[PDB]
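Undergrad: Sequence, then structure. It's an experimental one.
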Amino acid sequence: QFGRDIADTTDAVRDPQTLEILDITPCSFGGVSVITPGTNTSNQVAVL
Amino acid sequence: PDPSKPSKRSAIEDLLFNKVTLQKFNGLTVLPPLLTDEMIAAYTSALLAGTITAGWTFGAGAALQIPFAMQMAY
Ligand SMILES: *[C@@H]1O[C@H](CO)[C@@H](O)[C@H](O)[C@H]1NC(C)=O
């Protein structure tokens, strides 16, 4: 019915009607970082 | 390093990199290193060239090639 990875987590699922398998990729995450200069000179920042 | 690119690494460096043979977990993430390995290879090549050319005048002004046999004799 479905597959799993080396970490024993769901990795692919087949559709019962159209018997073809579908991949699963978790929704993107990650931390944010704020690049700033000294407040002595400006208040303009860039983010990554 | 060989100018016939891609040859930024020497033969031995390529052999080592091949010998070494060089997410989903929700919370776990791997950040990239600040210095790419191209920069590390460039640093190593610069050090090697400096120590092979300048001899005992590596770091100062110099800017001339000391003969290798002289360094070997020293
Ligand atoms: C920057 O500002 C802070 C306070 O806003 C002050 O303590 C510091 O001395 C200043 N430094 C410079 C280089 O202007």
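TA: Happy to help now that I have it. Residues are numbered from 1 along each chain as shown, chains lettered A, B, ... in the order given.

Undergrad: so does stretch A:28-46 get close to chain B?
TA: Yes - applying CB under 8 Å from any CB of the partner chain, one finds stretch A:28-46 touching chain B at A:29-31. Using the backbone N, CA and C atoms, a C-beta is placed for each residue, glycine as well.

Undergrad: among those, who's most crowded?
TA: Among the residues of stretch A:28-46 next to chain B, the one with the most neighbours (other CB atoms under 10 Å in any protein chain shown) is residue A:29, at 9 neighbours.

Undergrad: ok, the residues of stretch A:28-46 next to chain B vs chain B, which is closest?
TA: In terms of CB to the nearest CB, no member of those lies closer to chain B than residue A:30, at 6.3 Å.

Undergrad: ok but that closest one is inside a strand, no?
TA: No - assignment of residue A:30 by DSSP: H, G, I helix; E, B strand; the rest coil gives coil, placing it outside any strand.

Undergrad: from memory it sits against residue B:31, does it?
TA: No - applying CB atoms under 8 Å, one finds residue A:30 not in contact with residue B:31, separated by 9.7 Å.

Undergrad: helix or strand for the residue in chain B that chain A sits nearest to, which one?
TA: Closest contact between chain B and chain A, by CB to the nearest CB, is at residue B:24 (5.8 Å). Following DSSP states H and E, there is no helix or strand that holds residue B:24.

Undergrad: Test my guess that it contacts residue A:26.
TA: Yes - assessed by CB under 8 Å, residue B:24 is found in contact with residue A:26 at 5.8 Å.

Undergrad: Skipping adjacent residues, who's closest to residue B:54 in space?
TA: Distances taken as CB to CB, 6 or more residues apart in numbering or on different chains place residue B:62 nearest to residue B:54, at 5.4 Å, with adjacent residues excluded.

Undergrad: Spell out the residue ranges of the helices in chain A.
TA: Shown for chain A, no helices are assigned by DSSP state H.

Undergrad: And the strands in it, which stretches?
TA: Secondary structure of chain A (DSSP state E): strands located at A:2-4, A:10-14, A:21-23, A:34-35, A:46-47.

Undergrad: What pairs with the fourth one, parallel or antiparallel?
TA: It stands for strand A:34-35. Using DSSP bridges, the strands paired with strand A:34-35 in its sheet are strand A:46-47 (antiparallel).
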